[PDB]
Amino acid sequence: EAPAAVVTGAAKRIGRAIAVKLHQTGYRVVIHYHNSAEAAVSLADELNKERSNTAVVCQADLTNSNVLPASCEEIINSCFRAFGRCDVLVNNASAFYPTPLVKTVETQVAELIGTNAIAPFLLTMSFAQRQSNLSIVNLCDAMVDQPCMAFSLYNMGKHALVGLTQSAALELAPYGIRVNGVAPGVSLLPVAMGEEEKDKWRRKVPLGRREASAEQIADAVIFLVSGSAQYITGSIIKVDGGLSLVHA
Amino acid sequence: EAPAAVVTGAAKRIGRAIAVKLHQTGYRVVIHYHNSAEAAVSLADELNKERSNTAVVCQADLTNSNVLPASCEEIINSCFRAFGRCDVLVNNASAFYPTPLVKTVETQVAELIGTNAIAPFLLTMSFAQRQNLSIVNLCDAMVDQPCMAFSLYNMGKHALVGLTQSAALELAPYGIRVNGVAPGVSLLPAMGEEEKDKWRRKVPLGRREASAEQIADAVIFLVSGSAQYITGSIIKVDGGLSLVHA
Amino acid sequence: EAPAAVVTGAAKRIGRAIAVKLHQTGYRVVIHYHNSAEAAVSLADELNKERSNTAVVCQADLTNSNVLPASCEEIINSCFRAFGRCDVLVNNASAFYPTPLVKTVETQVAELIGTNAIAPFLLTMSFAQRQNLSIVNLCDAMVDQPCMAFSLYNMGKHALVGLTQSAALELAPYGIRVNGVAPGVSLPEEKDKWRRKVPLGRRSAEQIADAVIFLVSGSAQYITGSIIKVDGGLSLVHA
Amino acid sequence: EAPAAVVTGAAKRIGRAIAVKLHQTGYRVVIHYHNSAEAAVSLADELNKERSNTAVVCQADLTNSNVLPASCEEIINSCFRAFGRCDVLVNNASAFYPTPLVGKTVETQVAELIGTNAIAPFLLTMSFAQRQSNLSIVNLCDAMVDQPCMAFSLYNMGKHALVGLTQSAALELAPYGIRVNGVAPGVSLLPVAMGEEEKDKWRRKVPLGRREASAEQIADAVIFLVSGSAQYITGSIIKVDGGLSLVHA
Ligand SMILES: NC(=O)c1ccc[n+]([C@@H]2O[C@H](COP(=O)([O-])OP(=O)(O)OC[C@H]3O[C@@H](n4cnc5c(N)ncnc54)[C@H](OP(=O)(O)O)[C@@H]3O)[C@@H](O)[C@H]2O)c1
Ligand SMILES: NC(=O)c1ccc[n+]([C@@H]2O[C@H](COP(=O)([O-])OP(=O)(O)OC[C@H]3O[C@@H](n4cnc5c(N)ncnc54)[C@H](OP(=O)(O)O)[C@@H]3O)[C@@H](O)[C@H]2O)c1
Ligand SMILES: NC(=O)c1ccc[n+]([C@@H]2O[C@H](COP(=O)([O-])OP(=O)(O)OC[C@H]3O[C@@H](n4cnc5c(N)ncnc54)[C@H](OP(=O)(O)O)[C@@H]3O)[C@@H](O)[C@H]2O)c1
Ligand SMILES: NC(=O)c1ccc[n+]([C@@H]2O[C@H](COP(=O)([O-])OP(=O)(O)OC[C@H]3O[C@@H](n4cnc5c(N)ncnc54)[C@H](OP(=O)(O)O)[C@@H]3O)[C@@H](O)[C@H]2O)c1
Ligand SMILES: COc1ccc([C@@H]2CC(=O)c3c(O)cc(O)cc3O2)cc1O
Ligand SMILES: COc1ccc([C@@H]2CC(=O)c3c(O)cc(O)cc3O2)cc1O
Ligand SMILES: COc1ccc([C@@H]2CC(=O)c3c(O)cc(O)cc3O2)cc1O
Ligand SMILES: COc1ccc([C@@H]2CC(=O)c3c(O)cc(O)cc3O2)cc1O
């Protein structure tokens with residue numbers, strides 16, 4: 001029987017490359033999405049064309065609310081409904097936008113802390129309660145201690161995510177569930193960003209003056225789920241080309 | 001005129017010691033409280049006995065909800081309305097209890113993440129919007145070696161580190177410094193003495209917990225003129241506890 | 001055709017396991033040793049039987065002295081002599097013993113700082129001067145929670161972190177990646193008490209080597225300045 | 001009696017501000033120096049005219065060698081000879097210069113950069129503890145230790161080791177009541193020979209005020225860690241850099 005994996009925010013960009021490589025490695029995949037229905041269904045088709053009955057989609061909004069836990073429970077239940085098991089959780093979905101200290105503020109809190117941290121915690125709980133090489137990989141941020149100006153809520157959410165990574169590694173280790181992270185520095189840059197600003201960020205990177213490809217982020221995820229990382233838990237692998245080492 | 005400070009969860013234990021020492025240094029104080037009205041008021045009366053009209057109380061729940069922004073805005077506003085200014089914010093209030101991965105879960109989230117992180121964020125934003133100005137957040141020296149089954153608490157304290165760092169950077173252009181004090185084991189909970197002694201015995205420096213006053217002293221330093229170039233720093237005050245391997 | 005790797009302290013335990021796995025991935029290897037000549041040779045023999053002229057040995061003391069730079073330069077030179085190239089440097093050799101604050105002390109400095117930090121710096125220098133290129137330093141997952149009375153060893157592994165980060169920055173323009181692997185308790189009733197603290201299964205060399213193999217691979221081409229803990233969660237356990 | 005402190009590299013700049021501030025708080029001080037004999041004596045003179053028999057000087061080269069342990073033992077012994085006690089050690093002396101990976105011999109660069117920044121602190125810590133109240137040790141660390149300057153690998157290594165020593169010695173000396181902490185500047189007094197334009201490049205990076213720390217600001221954090229207001233603090237490193245370490249590339 002092939003193992004199965006949930007990848008959140010898997011319709012595009014890094015989550016898609018993660019889903020692809022997991023599927024190329026032998027996994028069946030739940031492709032979670034919020035608004036990108038076309039791209040999600042289109043990816044599941046591409047994957048099912050390669051091996052039938054190996055990909056489903058699952059829509060959920062990952063904003064914090066009093067029904068977020070039932071949404072998270074549903075994401076994990078969909079893996080067990082499609083495949084009869086759930087071996088890997090990848091917490092990849094993320095909101096990312098400025099929240100200057102000087103959308104209502106309670107929506108910003110619900111989006112940036114819900115998606116980046118609370119949803120991973122609830123997915124983790126549902127993943128653990130429903131339970132072999134079981135593991136969780138959280139998508140962290142290499143720059144979490146050198147934050148972007150005016151991104152306090154985002155940064156808080158990614159700090160919380162490190163805390164979860166550690167806390168869940170400790171508490172879940174006696175059930176055989178490993179919990180780790182992968183921390184991009186700059187990888188695929190925002191759709192909305194202009195070409196001058198992208199090159200400003202690209203020239204800061206010591207290793208090659210370029211962003212990480214999505215595939216490079218995925219390769220680290222593939223490592224942490226593999227049999228070659230079976231003692232690794234509570235570790236966060238930076239994949240940023242040295243960017244976090246560069247002083248102001 | 002005397003400067004003014006808000007201290008959250010100031011009725012008892014560490015927040016009380018903080019409020020007292022700020023008052024001793026010449027601060028006027030807003031004593032924020034949630035359920036401990038009697039202790040908050042008894043503190044404000046003692047402080048006002050030392051110096052008239054120097055202490056007020058402000059009740060608010062710091063649990064995350066759609067009224068939290070208005071509550072935090074009101075706490076800052078109460079310092080301005082009482083004293084004409086707000087020089088210092090101490091984010092001390094904290095919920096602390098286990099949340100095993102294996103009250104509803106969304107209440108746990110609102111309490112643990114609200115008090116420890118979202119309320120500090122909202123307070124920080126209101127403090128800055130309304131302007132030796134500084135903020136001090138009460139962090140946790142053990143944030144990278146967390147207690148088993150305290151995932152939400154740990155996430156809240158991690159978020160608080162992120163706030164400390166993010167606000168320090170963003171508020172440095174306004175002359176507002178943002179720092180933290182990270183206790184290890186300080187005043188312990190009704191916890192049996194035999195259980196207290198198991199924690200005390202792990203502390204290299206003296207085999208004892210920090211007093212509240214010892215934590216307050218680091219807060220006093222960070223708000224002082226002796227720390228005018230210090231921002232984005234977190235001072236551990238654990239007796240070496242975080243250095244001790246399993 | 002085939003890439004080549006230098007592994008220090010490669011005769012036994014973790015370094016052997018690293019050398020074996022690199023060789024199994026298609027590397028030619030320099031097996032460095034200090035006192036374990038028989039074990040280095042026996043390893044080289046097992047590897048060369050698998051594929052002829054793919055494994056050589058190099059003796060060198062990695063204690064800091066006036067001669068250490070020459071020794072380090074020759075380790076790298078042996079890789080170039082045997083194989084025509086040097087793609088990977090694994091700094092694995094390490095001295096480990098207590099040095100209470102309360103052998104002369106300067107000999108302790110020379111071994112614990114020399115082997116753990118200065119020889120890695122000289123090796124890294126020689127390696128870069130001679131040029132998928134990468135260096136992997138064997139770090140410590142417990143560097144922040146150090147063993148009681150191990151101050152010099154602890155200084156040496158801290159220094160190795162600083163080297164990892166500094167060399168990642170400075171060599172990145174040359175396409176040389178620099179990373180680390182930090183084991184927890186991979187041992188030299190005391191043994192069983194350490195085993196018992198580990199979250200993940202209360203318990204190999206190969207597990208360390210697996211992480212090294214990842215960091216040298218084409219799957220880590222954007223990773224530099226990263227230290228991968230391989231500790232079963234031990235570094236997360238409070239006192 | 002008044003307490004006594006040793007401050008290494010105390011003739012000028014931050015070490016001088018630290019000795020001065022400790023002297024202003026009531027300490028008697030050992031002013032260690034290497035080459036700056038004139039500045040050392042001139043400082044001890046001013047302190048002694050403020051209060052007689054309260055400042056001495058002590059010459060030592062802190063480069064690693066087979067005599068370094070004896071030089072470190074002698075520094076500590078100077079304080080006990082002059083003042084009958086030694087309450088505080090401040091490890092402030094530091095060599096600082098590039099050692100590119102791709103003149104001095106390499107073994108001399110190792111001996112100076114690792115010796116002054118890490119080995120001499122370890123040996124001084126050992127002598128301080130063996131020769132033994134609010135006893136403490138403060139190490140001058142570097143706030144930028146994880147975002148290092150390009151081509152400064154041996155300096156960076158030395159400062160990482162010093163973080164290790166701060167932690168290990170805090171752990172091991174706690175049972176004896178000796179606290180060990182650090183203070184970590186970002187950009188404080190710029191190098192004498194750095195030109196103004198270059199200095200201003202560094203200043204402009206600092207979020208809090210776009211200026212370097214004064215030597216006195218660094219010294220304030222030292223004074224705090226040695227005071228009775230830091231009695232439960234050991235193994236902590238306080239950054240004094242105006243936010244510099246938080247600023248991304
Ligand atoms: N790209 C980088 O440079 C970089 C740097 C550091 C860290 N990271 C982290 O690495 C991971 C992947 O990066 P990325 O650029 O691929 O992320 P991304 O494109 O910004 O977002 C990933 C997905 O998250 C989903 N999402 C956003 N808000 C959501 C909500 N309320 N509910 C559910 N899903 C929501 C979106 O799905 P739909 O499109 O279906 O709505 C989105 O496609 C993220 O966690 C990110 O923070 C990325
Ligand atoms: N004691 C320790 O060993 C230790 C260790 C690490 C970190 N810390 C941190 O140091 C700080 C002070 O510690 P402590 O032990 O003195 O704290 P505490 O006694 O646990 O709590 C401080 C105060 O927080 C307030 N609080 C709790 N939930 C609240 C809510 N929903 N809304 C508003 N206020 C709420 C309470 O106010 P009322 O009583 O008025 O309801 C309480 O008196 C905290 O941030 C704590 O996390 C302490
Ligand atoms: N085992 C663990 O649990 C653990 C934990 C933390 C970190 N690590 C690190 O992981 C790496 C490998 O660990 P390990 O237990 O396999 O190491 P180990 O067996 O203690 O030592 C590794 C090698 O270092 C060499 N060595 C020692 N002193 C030397 C000197 N003065 N000159 C030259 N070589 C010298 C030895 O060579 P000869 O036998 O040829 O003389 C030996 O083969 C080390 O860097 C270690 O510090 C290991
Ligand atoms: N300045 C900054 O921006 C900054 C930034 C980060 C960290 N720090 C740290 O803060 C501390 C003070 O900085 P600073 O700028 O005041 O230091 P500094 O002036 O560069 O050096 C301080 C003293 O160290 C002594 N020294 C150098 N090599 C020596 C040797 N081989 N033996 C004995 N002593 C030696 C010198 O004494 P003589 O003059 O008597 O020869 C020198 O006066 C240092 O540890 C430094 O690394 C400073
Ligand atoms: C200096 O710190 C940072 C730099 C760039 C980023 C990138 C920048 C970025 O491209 C990005 C994105 O497209 C999506 C996302 O969810 C998060 C992203 O973060 C994050 C940082 O914390
Ligand atoms: C993982 O190590 C830890 C040990 C003790 C504690 C103490 C234990 C403690 O007494 C305590 C408290 O009473 C209130 C509070 O808000 C936080 C508290 O934390 C926290 C840790 O994170
Ligand atoms: C509490 O911190 C630690 C505990 C054990 C270790 C292990 C203990 C260990 O088994 C070991 C070894 O066999 C060889 C070596 O070079 C280093 C070793 O370190 C390291 C620590 O930093
Ligand atoms: C990016 O990192 C750094 C930037 C500036 C510095 C300063 C720059 C500096 O002025 C300086 C000095 O004058 C003496 C000394 O011993 C160390 C010094 O370091 C250090 C860093 O590690």
Side-chain angles (χ1 to χ4, degrees), chain A residues 8-18 32-37 39-40 59-64 71 91-96 110-111 114-116 119 138-144 154 157-158 161 182-190 201 211-212 214 217 240, chain B residues 9 13-14 93-96 115-116 138 140-148 150 153-154 157 183-189 191 196 199 202 209 238 241-242 244-246, chain C residues 9 13-14 93-97 116 138 140-143 145-148 150 153-154 157 183-188 191 194 234-235 238-239:
Chain A
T8 65
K12 290 195 220 141
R13 293 161 62 81
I14 289 176
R16 178 187 207 285
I18 286 161
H32 160 276
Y33 71 98
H34 171 215
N35 299 329
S36 301
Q59 197 283 331
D61 176 9
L62 295 176
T63 303
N64 198 41
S71 299
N91 287 305
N92 167 81
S94 182
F96 171 77
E111 276 172 6
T115 66
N116 283 286
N138 297 329
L139 280 282
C140 297
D141 184 333
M143 301 298 287
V144 75
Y154 174 72
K158 293 292 196 189
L161 191 56
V182 170
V186 296
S187 178
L188 306 186
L189 292 153
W201 284 100
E211 75 274 41
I217 305 309
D240 66 354
Chain B
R13 299 163 49 86
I14 285 162
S94 180
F96 169 76
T115 58
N116 285 294
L138 272 290
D140 180 347
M142 302 299 289
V143 81
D144 296 317
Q145 288 133 276
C147 304
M148 184 59 79
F150 286 75
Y153 173 76
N154 187 241
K157 291 297 192 195
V185 58
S186 183
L187 294 190
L188 288 158
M191 173 180 285
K196 294 198 184 105
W199 282 104
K202 297 164 180 187
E209 75 278 26
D238 58 1
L241 189 58
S242 66
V244 182
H245 69 71
Chain C
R13 298 158 54 87
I14 291 170
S94 178
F96 171 76
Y97 54 82
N116 281 296
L138 274 283
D140 199 339
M142 302 297 286
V143 285
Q145 289 125 272
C147 307
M148 182 83 58
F150 281 74
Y153 171 80
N154 189 229
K157 293 292 193 194
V185 291
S186 200
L187 291 142
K191 208 178 296 197
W194 278 112
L234 183 62
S235 64
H238 61 72

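Any value given below was found using the heavy atoms of this structure, including those in side chains, with hydrogens, waters and symmetry copies removed. Indexing begins at 1, ligand by ligand and atom by atom, following the structure's order. Naming: A, B, ... by sequence-line order, numbering from 1 per chain.
- In terms of polar-atom proximity, A/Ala95 is not counted as a contact of ligand 1, lacking any N or O under 3.5 Å from an N or O of the ligand.
- Taking both residues in full, the closest heavy atoms of A/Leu189 and A/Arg13 are given as O-NH1, 3.0 Å, listed atom of the first, atom of the second, then distance.
- Listed by chain and number, residues touching ligand 6 at under 4.0 Å (heavy atoms only) are B/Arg13, B/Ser94, B/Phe96, B/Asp140, B/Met142, B/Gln145, B/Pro146, B/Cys147, B/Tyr153, B/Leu187, B/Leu188, B/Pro189, B/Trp199.
- For the pair A/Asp141 and ligand 1, the shortest N or O to N or O distance does not fall below 3.5 Å.
- Proximity to A/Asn92 (heavy-atom distance under 4.0 Å) selects the following atoms of ligand 1: 11 (C), 12 (C), 44 (C), 45 (O).
- Using a 4.5 Å cut-off on side-chain heavy atoms (C-beta onward), A/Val186 and A/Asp240 make no contact.
- Contact annotation: A/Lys158 has at least one heavy atom less than 4.0 Å from an atom of ligand 1.
- Close N/O approach between A/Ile14 and ligand 1 is found [any backbone or side-chain N/O within under 3.5 Å].
- Within the 4.0 Å heavy-atom criterion, neither part of A/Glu111 lies near ligand 1.
- Counting the atoms of ligand 1 from 1 in the order shown, those under 4.0 Å from a heavy atom of A/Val186 are 3 (O).
- Under a 3.5 Å cut-off, the side chain of C/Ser235 and the backbone N or O of C/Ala141 do not form any donor-acceptor pair.
- Contact annotation: for A/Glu211 versus ligand 1, there are no heavy atoms closer than 4.0 Å.
- Close approach of ligand 1 to A/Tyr154 (heavy-atom distance below 4.0 Å) involves ligand atoms 47 (O).
- Between A/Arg13 and ligand 1, an N or O atom pair is found at a separation short of 3.5 Å.
- Using a 4.0 Å cutoff on heavy atoms, A/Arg16 does not count as a contact of ligand 1.
- Contacts of A/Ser36 with ligand 1, taken as heavy-atom pairs under 4.0 Å, involve both backbone and side chain.
- By the 4.5 Å heavy-atom criterion applied to side chains, C/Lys157 and C/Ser94 are counted as neighbours.
- Contacts of A/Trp201 with ligand 1, taken as heavy-atom pairs under 4.0 Å, are absent altogether.
- Every atom of ligand 1 is numbered from 1 in the order shown, and the set under 4.0 Å from a heavy atom of A/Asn35 is 38 (P), 40 (O), 41 (O).
- Proximity of A/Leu62 to A/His32: side-chain heavy atoms (C-beta onward) are separated by under 4.5 Å at one or more points.
- Between the CD1 atom in A/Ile217 and the CG atom in A/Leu188 there is a gap of 8.0 Å [rounded to 0.5 Å].
- Note: an N/O pair closer than 3.5 Å links A/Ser94 and ligand 1 by distance alone.
- The C/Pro188 neighbourhood of ligand 7 comprises atoms 10 (O), 13 (O), with distances under 4.0 Å to a heavy atom of that residue.
- Close to ligand 1: A/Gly185, with a non-hydrogen atom less than 4.0 angstrom away.
- Residue A/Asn116 has no N or O atom closer than 3.5 Å to an N or O atom of ligand 1.
- Below 3.5 Å of separation, one finds no N or O of A/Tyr33 facing any N or O of ligand 1.
- Judged by distance alone, the side chain of C/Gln145 and the main-chain N or O of B/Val244 form no donor-acceptor pair under 3.5 Å.
- Using a non-hydrogen distance threshold of 4.0 Å, A/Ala60 registers as a contact of ligand 1.
- Every atom of ligand 1 with a heavy atom of A/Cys140 under 4.0 Å away is listed here by number and element: 7 (C), 9 (C).
- Across C/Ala93 and C/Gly9, no two heavy atoms sit closer than the pair CB-N, 3.8 Å.
- Residues B/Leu138 and B/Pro183 are in side-chain contact: their nearest non-hydrogen atoms beyond the backbone lie under 4.5 Å apart.
- Set against the non-hydrogen atoms of A/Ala93, the atoms of ligand 1 under 4.0 Å away are 24 (O), 25 (C), 34 (N).
- In this structure, B/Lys202 is positioned above the aromatic face of B/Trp199, its NZ or CZ under 6.0 Å from the six-membered ring centre and within 45° of the axis.
- The closest non-hydrogen atom to atom 34 (N) of ligand 1, taken over A/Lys12, A/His34, A/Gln59, comes from A/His34.
- For the pair A/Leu188 and ligand 1, the shortest N or O to N or O distance falls below 3.5 Å.
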